[PDB]
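Encoded as structure tokens, the structure appears first; notes follow it.
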Amino acid sequence: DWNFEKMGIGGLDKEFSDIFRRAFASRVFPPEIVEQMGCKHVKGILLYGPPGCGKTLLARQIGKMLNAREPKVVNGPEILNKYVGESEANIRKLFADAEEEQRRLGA
Amino acid sequence: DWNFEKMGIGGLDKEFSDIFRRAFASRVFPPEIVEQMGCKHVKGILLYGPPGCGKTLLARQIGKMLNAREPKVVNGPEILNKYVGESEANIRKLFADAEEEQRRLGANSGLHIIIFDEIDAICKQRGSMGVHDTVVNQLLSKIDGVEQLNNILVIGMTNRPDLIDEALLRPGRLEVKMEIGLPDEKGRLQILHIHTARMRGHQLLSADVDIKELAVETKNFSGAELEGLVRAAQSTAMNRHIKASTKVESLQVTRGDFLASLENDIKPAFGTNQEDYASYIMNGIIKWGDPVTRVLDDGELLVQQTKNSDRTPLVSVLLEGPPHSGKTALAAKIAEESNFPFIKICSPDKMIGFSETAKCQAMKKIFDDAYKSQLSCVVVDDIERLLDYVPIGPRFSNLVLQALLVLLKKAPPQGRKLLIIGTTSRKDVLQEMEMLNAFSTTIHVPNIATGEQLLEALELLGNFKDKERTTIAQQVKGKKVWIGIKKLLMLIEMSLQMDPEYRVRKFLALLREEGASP
Ligand SMILES: Nc1ncnc2c1ncn2[C@@H]1O[C@H](COP(=O)(O)OP(=O)(O)OP(=O)(O)O)[C@@H](O)[C@H]1O
Ligand SMILES: Nc1ncnc2c1ncn2[C@@H]1O[C@H](COP(=O)(O)OP(=O)(O)O)[C@@H](O)[C@H]1O
Ligand SMILES: Nc1ncnc2c1ncn2[C@@H]1O[C@H](COP(=O)(O)OP(=O)(O)O)[C@@H](O)[C@H]1O
Ligand SMILES: [Mg+2]
């Protein structure tokens, strides 16, 4: 279970459990039963709200709660460069390392 | 054999058989007899249908049903990127693996399957409603040009079959075309059985989860959303054991989690969106007279007619009356009473600030979506506000009017059914705009007229006691009133704030000051 208060966040209490249960209950639990389950792991989340409510603060805390790598960052208005084709190059480079890790010594 | 159930495919049963018969048949029987006839093999297939209905699955499974090499993949819009010609040369190299192997082994080479995604972007290049002409011409030349290639195959899939140019769908090029549609109950049962198979292989499913019931519960679903439902149910059931119960074998899935996921988690895209009716029917409906009963009976008769008719697949009705009379609260109820799988509401509230072209596209998209389901009901709200009508000059938009007039008569395709309900507040203007001769029937919603009906409505609502009731009646029964229901609610709410002694008086005053009308 999770006690939000000591992680640096407070007030976003109810809207934490829903995401936790929905998309993070299958990255925990003994893996052996999950192998038989066959369920795949979610690969997307969307957050919306007014500015300055703590949206970024939640990502850097979810990252350090699943024992993951460090968060890569990207911006929207900058990747829309004039160079069409080099934007695709940036998109490729963004995944390059994770693609490589999955390609070798994966699972 | 044609065992399309052991490979993952579900509802699709006739499309597979026909496709295999017509295309993947010349390459199955003995080579000698085929050479004796010397018949050229098919070199193209086209697929269309609603998204997420099991298209790519069939494309990838068909190749493995045959014996071919790695199936390539190419994106539609990506092909029309910043550079062309170099990307055309990349297309040439994409097919060169088969080209060199072909001339090296003219009649003893394998299949080089290439799959096309969103072929609409690549081709089409319409001049109604530049650099891409080079790509369409190059693709046409390569597929079937002076050079002859036999050991390739092209499978294209799209979502808007009409946008495909007629040049491609000619003999030699892509000829066999197929439609993939939403599954019926049988398809849903087959898909649920396929996906919920491993679960029964380890006794991890409770005995109370009846697939047959779930099949009838979900209406107008898609395979992807069925898989999502199964995933959500599994997630909830498992999370039930990562809580106050045992912490990080007695694990099973119960129908309760399935029902919870159905009602809270997954929202179908071709289904009845229940959350939308909380903002159009707020205070319910109260029987203050005969007109409500008459209107509801008319609505139910219309629904019954459209559901059990074969010579009238299209029926429309118009509701009209004075302003502030509850027109948008009686139409939604009529639509909801019927159990039609597909229901939608197109209203101006979601088009604040649009141009005159976005509205036409939105309306056409809604009516296009409504055609896929086998039973529908679409509501248009506040037609005049939709037309941007102002009585000084006057002014309005012609495009929207023409689109509406054309749409209100196009019958549903093949063998389906429809029902369109409209709402308005100024019938004479519609009479002069010729629209009223496009609708099929009209219904009139009246206002409160006599004192007795006012007394009945006030009692049924319930705000005043016996003494105040008698006091109000004493004055009210001595004359006739004219006021709509919504204004009555507003006046009651305004009056109730005053102190108990003056309430009655205040209310009376308002009714006298505003009740001036015929
Ligand atoms: N029998 C009834 N018929 C209609 N509306 C009723 C009835 N009983 C209660 N109401 C309430 O009256 C209101 C009718 O809807 P609403 O206030 O939106 O009016 P309207 O006719 O849609 O208005 P307008 O056309 O001016 O936009 C809703 O609050 C509905 O709950
Ligand atoms: N629920 C919260 N608890 C504690 N601090 C918060 C919370 N929400 C926002 N903050 C404060 O806001 C600051 C910046 O928030 P930020 O992540 O930039 O929000 P956004 O990116 O949505 O503007 C942080 O220093 C953080 O302390
Ligand atoms: N008839 C079906 N039988 C079994 N699974 C299906 C069926 N239709 C869809 N699915 C599931 O839903 C997903 C739909 O993806 P796909 O059809 O590839 O999308 P698209 O058609 O847009 O390319 C598949 O991955 C598959 O698991
Ligand atoms: Mg209205």
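Protein sequences appear in the order of chains D and E.
According to the deposited numbering, the first sequence is numbered sequentially starting from 212.
Heads up: the second sequence runs through residues 212 to 340, 345 to 463, 471 to 740, numbered per the deposited numbering.
Even for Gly, the Cβ is constructed at its ideal location relative to N, Cα and C.
- Take the alpha-carbon of E:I220 and the one of E:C568: they are about 35 Å apart.
- The beta carbon of E:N685 is closer than 7 Å to those of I714 and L718 in its chain, skipping five residues each way along the sequence.
- The three-state secondary structure of E:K283, taken from DSSP, is strand.
- When E:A557, E:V350, E:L364 and E:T349 are compared, the shortest CA-CA separation from E:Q313 is found for E:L364.
- Interface with chain E (7 Å Cβ-Cβ cutoff): D:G255 is excluded.
- In the same chain as D:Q272, and ignoring 5 residues on each side of it, the C-beta atoms closer than 8 Å to its own belong to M218, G219 and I220, in chain order.
- Look at D:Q247: its C-beta is under 7 Å from a C-beta on chain E.
- Contact between the stretch 643-654 of chain E and the stretch 670-678 of chain E is absent, with fewer than three C-beta pairs closer than 8 Å.
- Between the stretch 234-253 of chain E and the stretch 422-434 of chain E, the count of Cβ pairs shorter than 8 Å is below three; the stretches do not touch.
- Shortest gap from the CB of E:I508 to any heavy atom of ligand 1: under 6 Å.
- Here E:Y259 is bridged, per DSSP, to E:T373 and E:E394.
- Using beta-carbon distances, E:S450 counts as an interface residue toward chain D, with a partner under 7 Å.
- By the Cβ neighbour-count rule, E:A452 is buried, with 16 or more other Cβ atoms within 10 Å of its own.
- Below the 7 Å Cβ cutoff, chain E contributes no neighbours of D:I273, its closest Cβ being approximately 17 Å away.
- The C-alpha of E:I367 lies about 13 Å from the C-alpha of E:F235.
- Between ligand 3 and the CB of E:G219, the shortest heavy atom gap is smaller than 6 Å.
- For E:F327, the enclosing beta strand (DSSP E) covers residues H323 to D328.
- One finds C250 and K251 in chain D with Cβ atoms closer than 8 Å to the Cβ of E:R446, taken in chain order.
- Between the alpha carbons of E:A491 and E:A633 lies a distance of about 23 Å.
- Taking 7 Å as the CB threshold, D:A236 lines the interface with chain E.
- Minimum Cα-Cα distance from E:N659 among the listed residues E:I324, E:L627 and E:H666 corresponds to E:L627.
- For D:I244, the neighbours in chain E by C-beta distance under 7 Å run, in chain order, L473.
- Rounded to the nearest whole angstrom, the C-alpha separation of E:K639 and E:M393 is 23 Å.
- Just measuring C-alpha positions, the residue of E:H546, E:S598 and E:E471 sitting nearest E:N435 is E:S598.
- Apart from the 5 residues on each side of it in sequence, E:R455 sits with its Cβ closer than 8 Å to the Cβ of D479 in its chain, given in chain order.
- Any Cβ of chain E closer than 7 Å to the Cβ of D:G222 would place that residue at the interface, and such an atom is absent.
- E:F618 sits away from E:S595, with the two beta carbons spaced by 7 Å or more.
- A Cβ-Cβ contact shorter than 7 Å links E:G706 with E:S547.
- The beta carbons of E:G260 and E:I395 sit closer together than 7 Å.
- Sequence-distant Cβ neighbours of E:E442 in its own chain, meaning closer than 7 Å and more than five residues away, are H410.
- With a threshold of 16 other beta carbon atoms within 10 Å, E:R446 meets it and is buried.
- Excluding residues up to 5 positions away in sequence, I426, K427 and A430 lie with their Cβ nearer than 8 Å to the Cβ of E:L404 in the same chain.
- Unbroken beta strand (DSSP E) stretches of 3 residues or longer found wholly inside the stretch 607-685 of chain E: 642-645 and 664-666, given in chain order.
- The Cβ neighbour count for D:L257, taken over all protein chains shown within 10 Å, is under 16; the residue is labelled exposed.
- The three-state reading of DSSP puts E:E690 in helix, counting H, G and I together.
- Nearest C-alpha to E:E559 among E:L608, E:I605, E:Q496 and E:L609: E:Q496.
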